[PDB]
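Only one chain comes next, encoded as structure tokens, the form deposited in one PDB entry.
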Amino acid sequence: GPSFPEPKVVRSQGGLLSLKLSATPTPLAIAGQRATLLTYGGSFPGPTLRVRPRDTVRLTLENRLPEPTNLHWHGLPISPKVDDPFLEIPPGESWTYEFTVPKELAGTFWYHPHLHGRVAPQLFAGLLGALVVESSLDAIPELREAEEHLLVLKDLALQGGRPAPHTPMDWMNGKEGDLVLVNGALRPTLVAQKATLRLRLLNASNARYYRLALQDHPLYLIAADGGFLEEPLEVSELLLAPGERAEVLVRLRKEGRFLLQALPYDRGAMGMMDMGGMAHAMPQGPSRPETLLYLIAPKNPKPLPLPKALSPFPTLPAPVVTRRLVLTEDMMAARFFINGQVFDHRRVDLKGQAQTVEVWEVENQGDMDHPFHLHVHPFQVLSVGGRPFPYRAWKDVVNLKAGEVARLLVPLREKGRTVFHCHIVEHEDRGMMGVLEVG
């Protein structure tokens, strides 16, 4: 096939994407070995769904797993009566998700399970896929002429031909695997045919971070989790925490082979040591560097000019309330808290008013990085760690290093009961989740 593997794309037809998708244990060949994963649509990753604004999506999920499951339409500002974090599809049963894609939307989104207590093993086993909302901005020449690819960043560990089980330490840290894959392939080669690449990036890992850097090149950020920036932003590297997305332009500068790497990054994962005293927790330190893919430039590359503008970001109404949510950890118990509490599906933690704007101050008082995710209501990151954010764009995951405060501007959109949680999904399963009701 193509030198660069990418998930099969399913496109809406005549404004309708109608698709049956099974969640099933699936034999397959992955990274040169046979393994049985849990997949959507028989593939790892699941198929990429490509839609336009105002399309209707009608997705029937058939659960052929031995445990209940559901879908989270991660990043989509749709109703929590559709993107229902409390829904349970029992084994053997089916459920149809039907929604309209919002008119003012563009970017890379994704779908994965969100059944509390079971997310980490199901996501780690292979249950995820991308959703792309294509926009009229994709027709400006500087983007239309670029060579576009999706890069699903997800790691894996195998044991006896199956996803490796979760250990107690995995529940504390979030599980990372030794197979660091792109679109389910081990260090694939991308033989570029054009000098400008447009790369949609998705961190679909349980817990692994990707400190992205392309050898000898900057990256030009053009979209965050949930929409375009206002103009391209040059970066030397780009950290993608679990659940985050980005879109970048790569302007290949000369012929040759360039490594795209996940540079060493210390997210605060912990190990245990015994040095004659008692057993003590000790930092794992930075991750070892990983090569994600080999990028081969074309002959005599002459990249397009960057676009001068992308999408203006909405001027939001003045906020009507400021909220403070404090993240803490009990590492040895693998328990994780928001404002001193663990998730309870019966308890409403925040009550807000639809079509008002709130300021959310999220403070990480733990020692690990925590990627904070809010369902249903995309937000504008104002600042993190006391540093103003260098661009305006819709995000739905914000990474907090130890001690940092993020200030978010949160317009409340669809009414209903939804959740916010750490997207180290082990931490969510172990209680770092709360309930927001919008009325």
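Position 1 is the first residue in the sequence shown; the rest follow in order. Take the two forms, superpose them, and find the largest set of C-alpha atoms that agree within 1.5 Å; that set is the rigid core.
In this crystal structure, the stretch out of 296-304 and 116-124 whose C-alpha atoms carry the higher mean B factor is 296-304.
Mean CA temperature factor is higher for 131-139 when stretches 131-139 and 257-265 are set side by side in the entry.
Across the options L202, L197, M272, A106, the residue with the most elevated CA B-factor in the record is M272.
Of the candidates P165, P188, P91, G243, it is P165 whose Cα B-factor is highest according to the PDB record.
Among the modelled residues of the chain, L59 sits in the middle third by CA temperature factor in this PDB entry. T69: CA B factor in the middle third of modelled residues in this chain (values from the PDB entry). Ranked by C-alpha B-factor against the other modelled residues of its chain, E361 falls in the lowest third. Placement of the Cα temperature factor of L17 within the chain: middle third of the modelled residues, per the deposited record. Ranked within its chain, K401 lands in the middle third, by CA B factor from the PDB record.
Beyond what is shown, the protein has a form deposited in another entry; the following relates to that form.
Checking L179, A333, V320, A281 for C-alpha shifts of 2 Å or more between this form and the one not shown, after the rigid core is superposed, gives a single hit: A281. Distance between the C-alpha atoms of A281 and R288: shorter by at least 3 Å in that other deposited form than in the displayed form.
The distance between the CA atoms of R288 and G276 is at least 3 Å shorter in that other deposited form than in the form shown here.
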